Chemist: 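Okay, here's the structure, questions in a sec.
Residue numbers begin at 1 in each chain, while the letters A, B, ... track the order of the sequences.
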4 protein chains.
Amino acid sequence: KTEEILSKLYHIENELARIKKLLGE
Amino acid sequence: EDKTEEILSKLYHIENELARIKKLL
Amino acid sequence: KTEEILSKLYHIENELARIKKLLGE
Amino acid sequence: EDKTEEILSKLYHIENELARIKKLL
């Protein structure tokens with residue numbers, strides 16, 4: 001459920017925050 | 001609509017950060 | 001809802017399929 | 001649990017394709 005779903009989405013958004021640093025921004 | 005809509009919006013957010021990546025590359 | 005949520009997730013997965021081609025794979 | 005679980009699994013899928021990107025870079 002919902003809470004768990006959201007929580008994935010934060011962890012997706014942490015992965016993407018590292019990704020965009022590794023790239024030029 | 002709640003946690004549902006926050007889930008929506010954060011998906012869009014993710015789609016937007018991905019389309020920005022894709023265009024950068 | 002659910003269906004709409006999923007559908008975002010396919011469109012995330014199309015963005016990522018283009019991304020991984022643009023990169024070395 | 002249904003569409004719920006498919007949503008789960010495809011999140012994980014996405015997290016996994018992102019962690020593979022992150023490690024590539």
Chemist: Does any backbone or side-chain atom of A/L23 lie under 4.5 Å from a heavy atom of chain B? Answer side chain, backbone, both or neither.
Modeler: side chain

Chemist: Need one label for B/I21: side chain, backbone, both or neither, based on atoms under 4.5 Å from any heavy atom in chain A.
Modeler: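 For B/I21, the contact with chain A is made by the side chain alone.
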
Chemist: Rounded to the nearest 0.5 Å, what's the gap from CD1 on A/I12 to CG on B/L18? Could you check?
Modeler: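 So the CD1 of A/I12 and the CG of B/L18 are separated by 9.0 Å.
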
Chemist: Using only distance, no hydrogens or angles, which N or O donor-acceptor pairs sit under 3.5 Å between chain B and chain A?
Modeler:
residue: B/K3; atom: NZ; partner: A/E3; partner atom: OE1; Å: 2.7
residue: B/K3; atom: NZ; partner: A/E3; partner atom: OE2; Å: 2.8

